[PDB]
>>> print(open('final.tsv').read())   # TSV, N, CA and C atoms
chain	number	residue	atom	x	y	z
A	222	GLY	N	0.83	-1.23	0.00
A	222	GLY	CA	0.00	0.00	0.00
A	222	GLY	C	0.85	1.25	0.00
A	223	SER	N	0.24	2.37	0.41
A	223	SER	CA	0.93	3.65	0.48
A	223	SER	C	1.40	4.08	-0.91
A	224	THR	N	0.65	3.69	-1.92
A	224	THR	CA	0.97	4.04	-3.30
A	224	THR	C	-0.10	4.98	-3.86
A	225	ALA	N	-1.33	4.80	-3.42
A	225	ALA	CA	-2.43	5.63	-3.86
A	225	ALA	C	-2.39	6.98	-3.17
A	226	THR	N	-2.65	8.03	-3.93
A	226	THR	CA	-2.61	9.39	-3.40
A	226	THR	C	-4.01	9.98	-3.28
A	227	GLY	N	-4.70	10.12	-4.41
A	227	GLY	CA	-6.04	10.67	-4.40
A	227	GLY	C	-6.07	12.09	-3.87
A	228	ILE	N	-5.24	12.94	-4.43
A	228	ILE	CA	-5.17	14.34	-4.04
A	228	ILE	C	-5.88	15.20	-5.09
A	229	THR	N	-6.48	16.30	-4.68
A	229	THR	CA	-7.27	17.10	-5.61
A	229	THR	C	-6.47	18.28	-6.17
A	230	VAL	N	-6.82	18.66	-7.38
A	230	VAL	CA	-6.19	19.77	-8.08
A	230	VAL	C	-6.44	21.10	-7.35
A	231	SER	N	-5.51	22.04	-7.49
A	231	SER	CA	-5.66	23.34	-6.87
A	231	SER	C	-5.78	24.42	-7.95
A	232	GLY	N	-6.98	24.58	-8.48
A	232	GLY	CA	-7.20	25.54	-9.54
A	232	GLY	C	-7.29	24.88	-10.90
A	233	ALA	N	-7.79	25.60	-11.89
A	233	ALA	CA	-7.89	25.08	-13.24
A	233	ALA	C	-6.77	25.63	-14.10
A	234	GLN	N	-6.16	24.77	-14.91
A	234	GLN	CA	-5.05	25.18	-15.74
A	234	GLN	C	-5.06	24.47	-17.08
A	235	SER	N	-4.75	25.22	-18.13
A	235	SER	CA	-4.65	24.68	-19.47
A	235	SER	C	-3.55	25.41	-20.23
A	236	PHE	N	-2.41	24.76	-20.37
A	236	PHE	CA	-1.30	25.35	-21.09
A	236	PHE	C	-1.21	24.73	-22.47
A	237	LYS	N	-0.71	25.49	-23.43
A	237	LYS	CA	-0.61	25.02	-24.80
A	237	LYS	C	0.84	25.02	-25.25
A	238	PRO	N	1.30	23.91	-25.85
A	238	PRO	CA	2.66	23.79	-26.36
A	238	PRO	C	2.85	24.52	-27.68
A	239	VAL	N	4.05	25.03	-27.91
A	239	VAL	CA	4.35	25.72	-29.16
A	239	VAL	C	4.44	24.71	-30.30
A	240	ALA	N	3.65	24.94	-31.33
A	240	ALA	CA	3.54	24.00	-32.43
A	240	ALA	C	4.59	24.25	-33.49
A	241	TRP	N	4.55	23.47	-34.57
A	241	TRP	CA	5.47	23.67	-35.68
A	241	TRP	C	5.17	24.99	-36.37
A	242	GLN	N	3.89	25.28	-36.53
A	242	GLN	CA	3.46	26.52	-37.15
A	242	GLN	C	3.11	27.55	-36.08
A	243	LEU	N	4.02	28.49	-35.87
A	243	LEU	CA	3.82	29.54	-34.87
A	243	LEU	C	2.97	30.67	-35.45
A	244	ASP	N	1.77	30.33	-35.89
A	244	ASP	CA	0.89	31.29	-36.52
A	244	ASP	C	0.08	32.06	-35.49
A	245	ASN	N	-0.64	31.34	-34.63
A	245	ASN	CA	-1.47	31.98	-33.62
A	245	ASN	C	-0.60	32.56	-32.51
A	246	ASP	N	0.24	31.72	-31.92
A	246	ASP	CA	1.15	32.16	-30.87
A	246	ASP	C	2.59	32.08	-31.35
A	247	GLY	N	3.21	33.24	-31.50
A	247	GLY	CA	4.58	33.30	-31.94
A	247	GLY	C	5.54	33.50	-30.80
A	248	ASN	N	5.32	32.77	-29.72
A	248	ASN	CA	6.17	32.83	-28.53
A	248	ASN	C	7.61	32.49	-28.90
A	249	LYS	N	8.52	33.43	-28.64
A	249	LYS	CA	9.91	33.28	-29.04
A	249	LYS	C	10.68	32.41	-28.05
A	250	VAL	N	10.38	32.54	-26.76
A	250	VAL	CA	11.07	31.76	-25.75
A	250	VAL	C	10.51	30.34	-25.69
A	251	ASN	N	11.38	29.38	-25.41
A	251	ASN	CA	10.97	27.99	-25.32
A	251	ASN	C	10.93	27.55	-23.87
A	252	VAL	N	9.76	27.62	-23.28
A	252	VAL	CA	9.58	27.28	-21.87
A	252	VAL	C	8.19	26.70	-21.63
A	253	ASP	N	8.12	25.66	-20.80
A	253	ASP	CA	6.86	25.01	-20.45
A	253	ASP	C	6.17	24.51	-21.72
A	254	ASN	N	6.96	23.95	-22.63
A	254	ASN	CA	6.45	23.51	-23.92
A	254	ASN	C	6.06	22.03	-23.88
A	255	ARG	N	7.00	21.19	-23.47
A	255	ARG	CA	6.77	19.76	-23.44
A	255	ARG	C	6.42	19.30	-22.04
A	256	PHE	N	6.84	20.08	-21.06
A	256	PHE	CA	6.57	19.77	-19.67
A	256	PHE	C	5.33	20.52	-19.20
A	257	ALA	N	4.56	19.88	-18.33
A	257	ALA	CA	3.38	20.49	-17.76
A	257	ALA	C	3.54	20.62	-16.26
A	258	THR	N	3.57	21.86	-15.78
A	258	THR	CA	3.75	22.12	-14.37
A	258	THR	C	2.39	22.12	-13.66
A	259	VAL	N	2.09	21.01	-13.01
A	259	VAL	CA	0.78	20.78	-12.42
A	259	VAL	C	0.66	21.43	-11.05
A	260	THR	N	-0.32	22.31	-10.91
A	260	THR	CA	-0.58	22.97	-9.64
A	260	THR	C	-1.69	22.23	-8.89
A	261	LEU	N	-1.29	21.50	-7.86
A	261	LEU	CA	-2.22	20.66	-7.12
A	261	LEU	C	-2.20	21.04	-5.65
A	262	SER	N	-3.18	20.57	-4.89
A	262	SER	CA	-3.23	20.88	-3.47
A	262	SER	C	-1.98	20.35	-2.79
A	263	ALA	N	-1.73	19.07	-2.97
A	263	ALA	CA	-0.55	18.42	-2.44
A	263	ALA	C	0.03	17.49	-3.49
A	264	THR	N	1.34	17.46	-3.62
A	264	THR	CA	1.97	16.52	-4.53
A	264	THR	C	3.12	15.83	-3.80
A	265	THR	N	3.00	15.79	-2.48
A	265	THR	CA	3.97	15.14	-1.62
A	265	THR	C	3.75	13.63	-1.65
A	266	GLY	N	4.84	12.88	-1.69
A	266	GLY	CA	4.74	11.44	-1.83
A	266	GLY	C	5.05	11.01	-3.24
A	267	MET	N	5.16	12.00	-4.12
A	267	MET	CA	5.51	11.75	-5.51
A	267	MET	C	7.01	11.90	-5.70
A	268	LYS	N	7.55	11.14	-6.63
A	268	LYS	CA	8.97	11.20	-6.94
A	268	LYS	C	9.16	11.13	-8.44
A	269	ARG	N	10.34	11.50	-8.92
A	269	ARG	CA	10.62	11.49	-10.35
A	269	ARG	C	10.40	10.09	-10.94
A	270	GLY	N	9.75	10.04	-12.10
A	270	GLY	CA	9.54	8.77	-12.77
A	270	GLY	C	8.34	8.01	-12.23
A	271	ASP	N	7.45	8.72	-11.54
A	271	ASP	CA	6.28	8.08	-10.96
A	271	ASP	C	5.10	8.18	-11.90
A	272	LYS	N	4.01	7.53	-11.54
A	272	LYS	CA	2.83	7.52	-12.37
A	272	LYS	C	1.68	8.23	-11.69
A	273	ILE	N	1.22	9.32	-12.28
A	273	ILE	CA	0.06	10.02	-11.76
A	273	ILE	C	-1.02	10.10	-12.82
A	274	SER	N	-2.26	9.92	-12.40
A	274	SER	CA	-3.38	9.97	-13.31
A	274	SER	C	-4.34	11.07	-12.90
A	275	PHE	N	-4.95	11.71	-13.87
A	275	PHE	CA	-5.89	12.79	-13.61
A	275	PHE	C	-7.32	12.32	-13.87
A	276	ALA	N	-8.10	12.20	-12.81
A	276	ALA	CA	-9.45	11.68	-12.90
A	276	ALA	C	-10.35	12.63	-13.69
A	277	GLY	N	-10.79	12.18	-14.85
A	277	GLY	CA	-11.64	12.99	-15.70
A	277	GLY	C	-10.92	13.41	-16.96
A	278	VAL	N	-9.63	13.64	-16.83
A	278	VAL	CA	-8.78	13.97	-17.95
A	278	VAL	C	-8.27	12.69	-18.58
A	279	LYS	N	-8.59	12.45	-19.84
A	279	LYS	CA	-8.15	11.23	-20.51
A	279	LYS	C	-7.96	11.47	-22.00
A	280	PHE	N	-7.40	10.47	-22.68
A	280	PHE	CA	-6.95	10.65	-24.06
A	280	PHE	C	-8.07	10.48	-25.07
A	281	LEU	N	-7.93	11.18	-26.18
A	281	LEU	CA	-8.91	11.17	-27.26
A	281	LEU	C	-8.96	9.80	-27.93
A	282	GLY	N	-10.15	9.22	-27.98
A	282	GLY	CA	-10.32	7.93	-28.63
A	282	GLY	C	-10.67	6.84	-27.65
A	283	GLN	N	-10.23	7.01	-26.41
A	283	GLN	CA	-10.47	6.02	-25.36
A	283	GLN	C	-11.96	5.88	-25.08
A	284	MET	N	-12.63	7.01	-24.89
A	284	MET	CA	-14.03	7.02	-24.48
A	284	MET	C	-14.95	6.51	-25.58
A	285	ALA	N	-14.46	6.53	-26.81
A	285	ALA	CA	-15.25	6.09	-27.96
A	285	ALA	C	-15.43	4.58	-27.97
A	286	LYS	N	-14.63	3.88	-27.17
A	286	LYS	CA	-14.69	2.43	-27.10
A	286	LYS	C	-14.74	1.97	-25.65
A	287	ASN	N	-13.80	2.46	-24.86
A	287	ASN	CA	-13.68	2.05	-23.46
A	287	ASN	C	-14.63	2.88	-22.60
A	288	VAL	N	-15.70	2.25	-22.14
A	288	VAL	CA	-16.65	2.91	-21.26
A	288	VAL	C	-15.98	3.25	-19.94
A	289	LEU	N	-15.18	2.32	-19.44
A	289	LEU	CA	-14.38	2.55	-18.25
A	289	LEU	C	-12.97	2.95	-18.66
A	290	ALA	N	-12.90	4.00	-19.47
A	290	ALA	CA	-11.63	4.49	-19.99
A	290	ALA	C	-10.72	4.98	-18.87
A	291	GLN	N	-9.47	4.54	-18.91
A	291	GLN	CA	-8.48	4.93	-17.92
A	291	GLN	C	-8.20	6.42	-18.02
A	292	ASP	N	-7.74	7.00	-16.92
A	292	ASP	CA	-7.44	8.42	-16.88
A	292	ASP	C	-6.08	8.70	-17.49
A	293	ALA	N	-5.82	9.98	-17.76
A	293	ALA	CA	-4.57	10.41	-18.39
A	293	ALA	C	-3.36	9.99	-17.56
A	294	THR	N	-2.58	9.09	-18.12
A	294	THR	CA	-1.40	8.58	-17.45
A	294	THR	C	-0.15	9.32	-17.91
A	295	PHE	N	0.36	10.19	-17.05
A	295	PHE	CA	1.56	10.94	-17.36
A	295	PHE	C	2.68	10.59	-16.39
A	296	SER	N	3.91	10.65	-16.89
A	296	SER	CA	5.07	10.36	-16.08
A	296	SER	C	5.64	11.65	-15.52
A	297	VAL	N	5.77	11.71	-14.20
A	297	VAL	CA	6.31	12.89	-13.54
A	297	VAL	C	7.82	12.95	-13.72
A	298	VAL	N	8.34	14.15	-13.93
A	298	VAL	CA	9.77	14.34	-14.14
A	298	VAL	C	10.43	14.90	-12.88
A	299	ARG	N	9.73	15.79	-12.19
A	299	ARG	CA	10.28	16.42	-10.99
A	299	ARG	C	9.17	16.98	-10.11
A	300	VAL	N	9.29	16.75	-8.81
A	300	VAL	CA	8.43	17.41	-7.84
A	300	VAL	C	9.08	18.71	-7.41
A	301	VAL	N	8.53	19.82	-7.88
A	301	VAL	CA	9.16	21.12	-7.69
A	301	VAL	C	8.94	21.66	-6.28
A	302	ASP	N	7.68	21.83	-5.89
A	302	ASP	CA	7.37	22.45	-4.60
A	302	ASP	C	6.73	21.46	-3.64
A	303	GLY	N	6.50	20.25	-4.13
A	303	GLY	CA	5.75	19.25	-3.36
A	303	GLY	C	4.28	19.61	-3.28
A	304	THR	N	3.90	20.57	-4.10
A	304	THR	CA	2.52	20.99	-4.29
A	304	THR	C	2.38	21.44	-5.73
A	305	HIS	N	3.34	20.99	-6.53
A	305	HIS	CA	3.56	21.51	-7.86
A	305	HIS	C	4.56	20.59	-8.57
A	306	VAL	N	4.11	19.89	-9.59
A	306	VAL	CA	4.97	18.91	-10.26
A	306	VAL	C	5.16	19.29	-11.72
A	307	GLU	N	6.12	18.68	-12.38
A	307	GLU	CA	6.26	18.84	-13.82
A	307	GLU	C	6.23	17.48	-14.51
A	308	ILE	N	5.25	17.30	-15.38
A	308	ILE	CA	5.07	16.05	-16.10
A	308	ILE	C	5.31	16.24	-17.58
A	309	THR	N	5.36	15.15	-18.31
A	309	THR	CA	5.44	15.20	-19.76
A	309	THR	C	4.87	13.91	-20.34
A	310	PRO	N	4.19	13.97	-21.50
A	310	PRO	CA	3.92	15.22	-22.24
A	310	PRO	C	2.89	16.11	-21.56
A	311	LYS	N	2.61	17.25	-22.18
A	311	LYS	CA	1.66	18.21	-21.64
A	311	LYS	C	0.24	17.88	-22.10
A	312	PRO	N	-0.71	17.76	-21.15
A	312	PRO	CA	-2.12	17.50	-21.47
A	312	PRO	C	-2.79	18.71	-22.13
A	313	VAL	N	-3.31	18.49	-23.33
A	313	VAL	CA	-4.02	19.53	-24.07
A	313	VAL	C	-5.36	19.01	-24.58
A	314	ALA	N	-6.42	19.76	-24.29
A	314	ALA	CA	-7.77	19.32	-24.60
A	314	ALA	C	-8.17	19.69	-26.03
A	315	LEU	N	-8.86	18.76	-26.68
A	315	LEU	CA	-9.37	18.97	-28.03
A	315	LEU	C	-10.68	19.76	-27.97
A	316	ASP	N	-11.38	19.64	-26.85
A	316	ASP	CA	-12.65	20.34	-26.66
A	316	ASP	C	-12.44	21.81	-26.33
A	317	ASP	N	-11.20	22.18	-26.04
A	317	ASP	CA	-10.89	23.55	-25.67
A	317	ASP	C	-10.73	24.41	-26.92
A	318	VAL	N	-11.61	25.38	-27.07
A	318	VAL	CA	-11.60	26.25	-28.23
A	318	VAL	C	-10.60	27.39	-28.08
A	319	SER	N	-9.90	27.42	-26.95
A	319	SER	CA	-8.95	28.49	-26.67
A	319	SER	C	-7.71	28.38	-27.55
A	320	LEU	N	-7.48	27.20	-28.12
A	320	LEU	CA	-6.30	26.97	-28.94
A	320	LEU	C	-6.59	27.18	-30.43
A	321	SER	N	-5.53	27.22	-31.22
A	321	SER	CA	-5.64	27.36	-32.66
A	321	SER	C	-5.79	25.98	-33.31
A	322	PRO	N	-6.45	25.88	-34.49
A	322	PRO	CA	-6.64	24.61	-35.20
A	322	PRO	C	-5.41	23.69	-35.18
A	323	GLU	N	-4.24	24.26	-35.44
A	323	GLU	CA	-2.98	23.52	-35.41
A	323	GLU	C	-2.83	22.74	-34.11
A	324	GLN	N	-3.13	23.41	-33.00
A	324	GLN	CA	-2.97	22.83	-31.67
A	324	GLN	C	-3.92	21.66	-31.47
A	325	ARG	N	-5.03	21.65	-32.20
A	325	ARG	CA	-6.01	20.57	-32.09
A	325	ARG	C	-5.41	19.25	-32.56
A	326	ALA	N	-4.49	19.34	-33.51
A	326	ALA	CA	-3.78	18.16	-33.99
A	326	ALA	C	-2.84	17.63	-32.90
A	327	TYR	N	-2.31	18.55	-32.11
A	327	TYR	CA	-1.39	18.20	-31.03
A	327	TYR	C	-2.16	17.83	-29.76
A	328	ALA	N	-3.46	18.09	-29.75
A	328	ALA	CA	-4.30	17.81	-28.59
A	328	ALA	C	-4.33	16.32	-28.30
A	329	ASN	N	-4.18	15.96	-27.04
A	329	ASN	CA	-4.07	14.56	-26.66
A	329	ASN	C	-5.20	14.13	-25.72
A	330	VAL	N	-5.70	15.05	-24.90
A	330	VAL	CA	-6.73	14.72	-23.94
A	330	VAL	C	-8.05	15.39	-24.29
A	331	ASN	N	-9.12	14.93	-23.66
A	331	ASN	CA	-10.46	15.45	-23.92
A	331	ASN	C	-10.69	16.77	-23.20
A	332	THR	N	-10.29	16.85	-21.94
A	332	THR	CA	-10.55	18.02	-21.14
A	332	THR	C	-9.28	18.49	-20.43
A	333	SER	N	-9.16	19.80	-20.27
A	333	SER	CA	-8.05	20.38	-19.54
A	333	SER	C	-8.25	20.16	-18.04
A	334	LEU	N	-7.22	20.44	-17.26
A	334	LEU	CA	-7.29	20.19	-15.83
A	334	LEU	C	-8.13	21.27	-15.15
A	335	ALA	N	-9.36	20.91	-14.82
A	335	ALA	CA	-10.28	21.83	-14.16
A	335	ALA	C	-10.16	21.69	-12.65
A	336	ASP	N	-10.72	22.65	-11.92
A	336	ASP	CA	-10.55	22.71	-10.47
A	336	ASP	C	-11.50	21.75	-9.75
A	337	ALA	N	-11.32	20.46	-10.02
A	337	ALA	CA	-12.01	19.40	-9.30
A	337	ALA	C	-11.55	18.03	-9.79
A	338	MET	N	-10.30	17.96	-10.22
A	338	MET	CA	-9.76	16.71	-10.75
A	338	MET	C	-8.89	16.03	-9.71
A	339	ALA	N	-9.08	14.73	-9.55
A	339	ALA	CA	-8.31	13.95	-8.60
A	339	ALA	C	-7.05	13.39	-9.24
A	340	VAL	N	-5.94	13.55	-8.55
A	340	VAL	CA	-4.65	13.05	-9.01
A	340	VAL	C	-4.23	11.86	-8.17
A	341	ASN	N	-4.27	10.68	-8.76
A	341	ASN	CA	-3.98	9.45	-8.04
A	341	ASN	C	-2.86	8.68	-8.71
A	342	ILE	N	-1.89	8.24	-7.91
A	342	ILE	CA	-0.84	7.37	-8.40
A	342	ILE	C	-1.36	5.95	-8.56
A	343	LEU	N	-1.11	5.38	-9.72
A	343	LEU	CA	-1.52	4.02	-10.02
A	343	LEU	C	-0.50	3.04	-9.46
A	344	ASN	N	-0.98	1.98	-8.82
A	344	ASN	CA	-0.09	1.01	-8.21
A	344	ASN	C	0.24	-0.11	-9.19
A	345	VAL	N	1.50	-0.16	-9.58
A	345	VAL	CA	1.98	-1.16	-10.52
A	345	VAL	C	3.49	-1.32	-10.38
>>> encode(input="final.tsv", output="structure tokens")
Amino acid sequence: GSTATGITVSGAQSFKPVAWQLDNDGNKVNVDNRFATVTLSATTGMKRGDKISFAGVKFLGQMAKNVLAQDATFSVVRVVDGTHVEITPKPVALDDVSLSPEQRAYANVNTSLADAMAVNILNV
């Protein structure tokens, strides 16, 4: 035991990675592109190379077949503040109209991290 976390998100966040075509966003600096810095209530007990899942956030295509579709499985790279982690790749929602068409191709998850998502480490 002592593997399950079940901690809740602290705020809603949706970051977008810089695409090949910098048409909509021509951000010159390369930061927070492939990594996603997750702001959660608590992220203590997590370590680099661990498995965290976001309840409700999952990949496009899963729900079309898997009724009990697994949640977004991302690998943590570093626990920054112990209430703030950096994972990769970065979760981007296809349902989010805030992004440009190009970004929709890069979109991997259905929904962005809203302020009520549970973050649980999978035991394996």
>>> select_by_dssp(input="final.tsv", residues="chain A", states="alpha helix (DSSP H)", output="list in words")
residues 322, 323, 324, 325, 326 and 327 of chain A
>>> residues_around(input="final.tsv", residues="residue 229 of chain A", least_positions_apart="3", cutoff="5 Å", atoms="only N, CA and C atoms", output="ChimeraX atom specification")
/A:261-262,338-340
>>> atom_distance(input="final.tsv", atom1="atom CA of residue 264 of chain A", atom2="atom CA of residue 333 of chain A")
18.5 Å
>>> atom_distance(input="final.tsv", atom1="atom N of residue 337 of chain A", atom2="atom N of residue 234 of chain A")
8.3 Å
>>> atom_distance(input="final.tsv", atom1="atom C of residue 299 of chain A", atom2="atom CA of residue 266 of chain A")
10.9 Å
>>> residues_near_point(input="final.tsv", point="(-8.1, 18.8, -17.8)", cutoff="6.5 Å", atoms="all atoms listed in the file", output="PDB file with N, CA and C atoms, in the coordinates of the input")
ATOM      1  N   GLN A 234      -6.160  24.770 -14.910  1.00  0.00           N
ATOM      2  CA  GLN A 234      -5.050  25.180 -15.740  1.00  0.00           C
ATOM      3  C   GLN A 234      -5.060  24.470 -17.080  1.00  0.00           C
ATOM      4  N   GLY A 277     -10.790  12.180 -14.850  1.00  0.00           N
ATOM      5  CA  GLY A 277     -11.640  12.990 -15.700  1.00  0.00           C
ATOM      6  C   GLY A 277     -10.920  13.410 -16.960  1.00  0.00           C
ATOM      7  N   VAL A 278      -9.630  13.640 -16.830  1.00  0.00           N
ATOM      8  CA  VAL A 278      -8.780  13.970 -17.950  1.00  0.00           C
ATOM      9  C   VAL A 278      -8.270  12.690 -18.580  1.00  0.00           C
ATOM     10  N   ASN A 331      -9.120  14.930 -23.660  1.00  0.00           N
ATOM     11  CA  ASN A 331     -10.460  15.450 -23.920  1.00  0.00           C
ATOM     12  C   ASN A 331     -10.690  16.770 -23.200  1.00  0.00           C
ATOM     13  N   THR A 332     -10.290  16.850 -21.940  1.00  0.00           N
ATOM     14  CA  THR A 332     -10.550  18.020 -21.140  1.00  0.00           C
ATOM     15  C   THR A 332      -9.280  18.490 -20.430  1.00  0.00           C
ATOM     16  N   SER A 333      -9.160  19.800 -20.270  1.00  0.00           N
ATOM     17  CA  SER A 333      -8.050  20.380 -19.540  1.00  0.00           C
ATOM     18  C   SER A 333      -8.250  20.160 -18.040  1.00  0.00           C
ATOM     19  N   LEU A 334      -7.220  20.440 -17.260  1.00  0.00           N
ATOM     20  CA  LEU A 334      -7.290  20.190 -15.830  1.00  0.00           C
ATOM     21  C   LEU A 334      -8.130  21.270 -15.150  1.00  0.00           C
ATOM     22  N   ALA A 335      -9.360  20.910 -14.820  1.00  0.00           N
ATOM     23  CA  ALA A 335     -10.280  21.830 -14.160  1.00  0.00           C
ATOM     24  C   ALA A 335     -10.160  21.690 -12.650  1.00  0.00           C
TER      25      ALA A 335
END
>>> residues_around(input="final.tsv", residues="residue 330 of chain A", least_positions_apart="6", cutoff="8 Å", atoms="all atoms listed in the file", output="list in words")
residues 278, 279, 280, 281, 282, 293, 311, 312, 313, 314, 315, 316 and 317 of chain A
>>> closest_residue(input="final.tsv", among="A:228, A:252, A:326, A:300", to="residue 274 of chain A", atoms="only C-alpha atoms")
A:228
>>> closest_residue(input="final.tsv", among="A:329, A:344, A:245, A:223", to="residue 272 of chain A", atoms="all atoms listed in the file")
A:344
>>> closest_residue(input="final.tsv", among="A:303, A:242, A:310, A:259", to="residue 328 of chain A", atoms="only C-alpha atoms")
A:310
>>> closest_residue(input="final.tsv", among="A:283, A:235, A:258, A:224", to="residue 307 of chain A", atoms="all atoms listed in the file")
A:258
>>> select_by_dssp(input="final.tsv", residues="chain A", states="strand (DSSP E)", output="number ranges by chain")
A: 228-229, 257-260, 272-275, 293-300, 305-309, 339-342
>>> closest_residue(input="final.tsv", among="A:260, A:320, A:287, A:233", to="residue 306 of chain A", atoms="all atoms listed in the file")
A:260
